[PDB]
J.: 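Got a structure for you, written out below as structure tokens; questions coming shortly.
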There are 2 protein chains.
Amino acid sequence: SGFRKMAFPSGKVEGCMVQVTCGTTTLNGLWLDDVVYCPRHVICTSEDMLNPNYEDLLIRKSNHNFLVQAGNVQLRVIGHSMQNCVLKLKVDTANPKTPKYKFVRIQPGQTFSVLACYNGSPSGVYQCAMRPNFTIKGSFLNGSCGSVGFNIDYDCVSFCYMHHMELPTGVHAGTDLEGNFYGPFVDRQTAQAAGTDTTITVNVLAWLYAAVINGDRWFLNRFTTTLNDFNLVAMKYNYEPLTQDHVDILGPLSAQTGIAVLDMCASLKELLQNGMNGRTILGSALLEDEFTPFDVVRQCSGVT
Amino acid sequence: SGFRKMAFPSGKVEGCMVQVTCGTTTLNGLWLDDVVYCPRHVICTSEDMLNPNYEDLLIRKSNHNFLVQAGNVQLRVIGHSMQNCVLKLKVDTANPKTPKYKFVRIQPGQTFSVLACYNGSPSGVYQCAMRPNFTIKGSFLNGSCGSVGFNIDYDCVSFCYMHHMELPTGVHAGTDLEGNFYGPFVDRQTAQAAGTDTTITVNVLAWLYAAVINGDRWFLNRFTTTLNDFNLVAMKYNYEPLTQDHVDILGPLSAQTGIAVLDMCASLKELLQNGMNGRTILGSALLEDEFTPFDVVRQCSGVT
Ligand SMILES: O=C(Cc1cccc(Cl)c1)Nc1cnc2ccccn12
Ligand SMILES: O=C(Cc1cccc(Cl)c1)Nc1cnc2ccccn12
């Protein structure tokens, strides 16, 4: 028992982290096979970050201008190319520590682990969610760019995120491993609107089931609701509308606890309307939304 | 910016995890050099867990009865011995992935990362604190025994915890790597009192400084307090008394923010007496105590 914001073991990703320096800028890169991936803003100086012409900036750069270091060994750069907002530096040596991997574009509301890095060295690992507004509420300092987000399925690492920037609001933005930003963000030092975020309803319900599994049942009530009635409440509280797909995904948890999804929705409705009254659920005084139904099943079943 | 419950990168520890089976019981072991460490209850069956005579149970076991598997290779056991509540299985092969390591006995209120494992395979990593009452509020299922807690300082892994049991109350108990339990716990299936836990005051204050560093300042007030006055409030709210050693440890954070430790104590006093009024601090609706002053400095400075 117990329920924690658990990250995937980071070893397979630690073996891929490298340092990429171009001119005066140093950030993190991801070495997979004979390619190093990193944010394209590694080629910028602070002067041109206001409105960079990446194509023109990259033209002034040659293979020998990209210094890639893996631990204490230097990698030889034999090719460079820009794909969207990422640079792909072809190196002459395949990473011997390359795990089985995939590049995936995750959906908002899904979760992943982040290995925060500085100068190509890992500092920590934490679990987070891609917000419905495509931002992440991470923990990153200057130099963390190029740190990646990932999920692990047995021996396969699915890389889903590469860190690029911190908005003036303190939230984080980045891309998939093809360099496409999640959300409307651009890699320029300009004010950028993140847009209204919502609470991931399906994750809150998954977490309520995790609470029941781990003994926290004070919030269960004698009521039920309908999808339509619940969604009117979700609207008022900036919760994403619950759909039959979400109910279906919660099927396994509903079966394990014997609590119908709409009965759990009525518990959630009462919590939204009345608050927690000073009580906690799984050590939290707010409704947690950064655990998917899959995360709950994984943590409560012990998938390695 | 941003503040997360960040764990150490788990790679160096993943390389040490093995599966230990004795008879019908399988748990995790830690392979360092030519020794595998694991909880001594691996030699028990469910029948004798009520009141085990470990000395007598271990006598019926020989080296060949301990099956140690590292991934898919079997390790050859050439020696066994019991040290307190841990078994040390001498194997004929030194772990090639053994990191630079130390065994340390951490103090209550200190933090560490846990690599939860099942059948010798890592499933997740999370950060937690040793509670003042010597329990940990982890996330563990049956089979997680032998999973370890650790801290990393540059290239050195300081192992501080090995998981042994879950109390009927759902909290976790275990030992240092010499097999000495933290707290009054015994490795028997009997009801065991954990004792009154307190909130780690120095960690709450460290986290209040982390909030100020990251922009959350709504809780700062026009008041100050004394150690004696604050401690009367800490007493009422089951907070551990704050000492000059704790004030001293908060020195770096007080210097970075320019907020005197006793002024931060007055903010904490007002939060204890008046609650949060429905507001949050660093995404939390309660006062967080599982970040030490060292953790705050590390996360806010980017130590790799
Ligand atoms: O924000 C930037 C630089 C930058 C500016 C404008 C656009 C782009 Cl793509 C990059 N780096 C960064 C990443 N994460 C953090 C956390 C804190 C401070 C800085 N961080
Ligand atoms: O509690 C035990 C077995 C046991 C019983 C009595 C004493 C001792 Cl030392 C061990 N194993 C265990 C560890 N963590 C968990 C989580 C859940 C269920 C079981 N867990």
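When a ligand or atom number is given, it counts from 1 through the structure's own listing order. Every chain is numbered from 1 and lettered A, B, ... according to where its sequence line falls, protein lines coming before strand lines.
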J.: With sequence neighbours excluded, what pairs up with B:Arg188 under the salt bridge (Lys or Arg N to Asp or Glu O under 4.0 Å) test?
T.: none

J.: Side chains of A:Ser1 and B:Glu166: is there a donor and an acceptor less than 3.5 Å apart?
T.: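 Distance-only check passes for A:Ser1 and B:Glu166.
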
J.: Indicate yes or no: at least one non-hydrogen side-chain atom of A:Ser284 is less than 4.5 angstrom from one of A:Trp207.
T.: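 Contact flag for A:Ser284/A:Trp207 side chains = yes.
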
J.: If you measure from the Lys or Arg side-chain nitrogens to the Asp or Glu carboxylate oxygens, is any gap between A:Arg131 and A:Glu290 under 4.0 Å?
T.: yes

J.: Looking at every heavy atom in both B:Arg4 and A:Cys128, which two are closest together, and how far apart are they?
T.: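 For B:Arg4 versus A:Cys128, the nearest heavy atoms are NH2-CB, 3.4 Å.
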
J.: Enumerate the pairs of nitrogen or oxygen atoms, one from ligand 1 and one from the protein, separated by less than 3.5 angstrom; state names and distance to 0.1 Å.
T.:
| unit_1 | atom_1 | unit_2 | atom_2 | d |
| --- | --- | --- | --- | --- |
| ligand 1 | 1 (O) | A:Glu166 | N | 3.2 |
| ligand 1 | 14 (N) | A:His163 | NE2 | 2.7 |

J.: With distance as the sole criterion, is a donor-acceptor pair present between the side chains of B:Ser123 and A:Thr304 under 3.5 Å?
T.: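 Checked: B:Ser123/A:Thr304 side chains show no N/O donor-acceptor pair below 3.5 Å.
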
